[PDB]
2 protein chains.
Amino acid sequence: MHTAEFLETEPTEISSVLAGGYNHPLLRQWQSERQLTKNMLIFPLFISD
Amino acid sequence: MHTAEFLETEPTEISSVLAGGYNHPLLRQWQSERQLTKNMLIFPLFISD
């Protein structure tokens, strides 16, 4: 009978662990190199004669 | 009589002109690599027993 196979793993390498930096909603913001603000927007205007 | 002296100047070099990038209040913001937001603040708390 086909059964789930689990390979022999080695101890986790710290260099592999990145999850600690984006496990929370706030972290999603901290992880952004730049946050979206109102004064960053430029609305186009088509003026007619 | 001591009078104001003005030296002979050469035509302005474009590479000298940087003023066009921060002459307006909004430009002061555009010139910032990162803007200050509320979710960037971390308030310290001293809990007593």
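Chain identifiers are assigned alphabetically (A, B, ...) following the order of the sequence lines, protein sequences preceding nucleic acid strands; residue numbering begins at 1 within each chain.
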Can you name the side chain to side chain contact (heavy atoms under 4.5 Å, CB included) partners of A/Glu10, sequence neighbours left out?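 Testing A/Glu10 for side chain to side chain contact (heavy atoms under 4.5 Å, CB included), a comparison that skips the adjacent residues, returns none.
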Applying side chain to side chain contact (heavy atoms under 4.5 Å, CB included), can you list everything that pairs with A/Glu5, at least two apart in sequence or on another chain?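 Only A/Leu7 meet the side chain to side chain contact (heavy atoms under 4.5 Å, CB included) criterion with A/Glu5.
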Throw together a table of side-chain donor-acceptor distances under 3.5 angstrom for residues 42-49 of chain A, partners on residues two or more places apart or in other chains.
none

A/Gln35: partners by side chain to side chain donor-acceptor pair (under 3.5 Å), with sequence neighbours left out: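 Only B/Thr37, B/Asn39 meet the side chain to side chain donor-acceptor pair (under 3.5 Å) criterion with A/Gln35.
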Transitive ILVMFWY cluster of A/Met1, excluding itself - 4.5 Å side-chain cut-off: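 Hydrophobic cluster check, A/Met1: no partners found.
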Distance in Å, B/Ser32 OG paired with A/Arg34 CZ, rounded so as to fall on 0.5 Å steps: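 Spacing of OG (B/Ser32) from CZ (A/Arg34) equals 8.5 Å.
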N/O donor-acceptor pairs under 3.5 Å from side chains in residues 19-31 of chain A, not counting sequence neighbours:
from: A/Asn23; atom 1: ND2; to: A/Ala19; atom 2: O; distance (Å): 3.2
from: A/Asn23; atom 1: ND2; to: A/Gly20; atom 2: O; distance (Å): 2.9
from: A/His24; atom 1: ND1; to: A/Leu26; atom 2: N; distance (Å): 2.7
from: A/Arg28; atom 1: NH1; to: A/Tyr22; atom 2: O; distance (Å): 3.2
from: A/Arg28; atom 1: NH1; to: A/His24; atom 2: O; distance (Å): 3.1
from: A/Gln31; atom 1: NE2; to: A/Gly21; atom 2: O; distance (Å): 2.8

